[PDB]
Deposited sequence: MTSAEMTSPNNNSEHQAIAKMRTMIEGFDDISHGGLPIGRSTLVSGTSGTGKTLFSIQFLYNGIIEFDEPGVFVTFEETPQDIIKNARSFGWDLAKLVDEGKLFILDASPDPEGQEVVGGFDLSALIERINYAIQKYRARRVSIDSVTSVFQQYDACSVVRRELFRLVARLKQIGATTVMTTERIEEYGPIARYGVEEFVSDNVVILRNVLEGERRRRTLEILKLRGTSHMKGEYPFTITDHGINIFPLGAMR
């Protein structure tokens, strides 16, 4: 009678151990952090590994970084996203305003079905934020997408995200930190919450190298 909720493996080294199997399938995981913490990298590695390891197609939704820079930056880690877009295994949805929510979603829906995507990454007034963020989560759940949603925060040990509500609306919450002490920076990942399932607790150190994120349950 003890039924566990299903998880999808990220294959990001060390993360699937911390999360006891990966990300809860069919739900959204908030990945929050200050600048340069690895939010986009995590969200890319999620889709890249799904395609390469499991032939699970992905939709990356971007709101500021252009598709070409995303693909360009992913070359830092030896990943050819251009090739995956050419094969129709990756779709980069450009939702970044040229130099509204209902429309964005059916766009994502259309892209999910067109590419048969199972994995989605979305990168990146409190009252309106909470309620508009809930319905975004709500709709993705109905599609059956497993989704990484990045958010920004401005303090390493302050609120989880910018408006103090995002962490309460999300099913799952991951926090990327880049803590400065004694003039040195230390990267850590923490799974704060996974509704309805177990996970390791606290911060785990990680590095970003030529092969992406490396977490040490170490």
(request) Take the full deposited sequence, match it to the modelled residues, and report the stretches without C-alphas. (result) 1-13, 113-121, 147-155, 250-253
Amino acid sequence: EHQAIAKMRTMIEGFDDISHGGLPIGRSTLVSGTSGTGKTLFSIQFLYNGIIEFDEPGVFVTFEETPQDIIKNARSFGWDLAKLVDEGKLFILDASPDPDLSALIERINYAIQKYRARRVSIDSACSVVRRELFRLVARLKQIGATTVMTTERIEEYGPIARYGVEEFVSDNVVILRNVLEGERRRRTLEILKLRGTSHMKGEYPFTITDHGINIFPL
From here on, numbers count along this sequence of modelled residues.
(request) For the higher mean C-alpha B factor in the entry, choose 49-57 or 30-38. (result) 49-57
(request) Could you settle it for me: does 196-204 or 10-18 have the higher average Cα B factor in the PDB entry? (result) 10-18
(message) So if I compare the CA B-factors in the entry for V148, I71, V129, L84, which one is the largest?
(response) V129
(request) State the tercile, meaning the lowest, middle or highest third, of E190 with respect to the CA B-factors recorded for its chain. (result) lowest
(request) Using the B-factor values recorded in the entry, state whether the Cα atom of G158 falls in the lowest, middle or highest third among the modelled residues of its chain. (result) highest
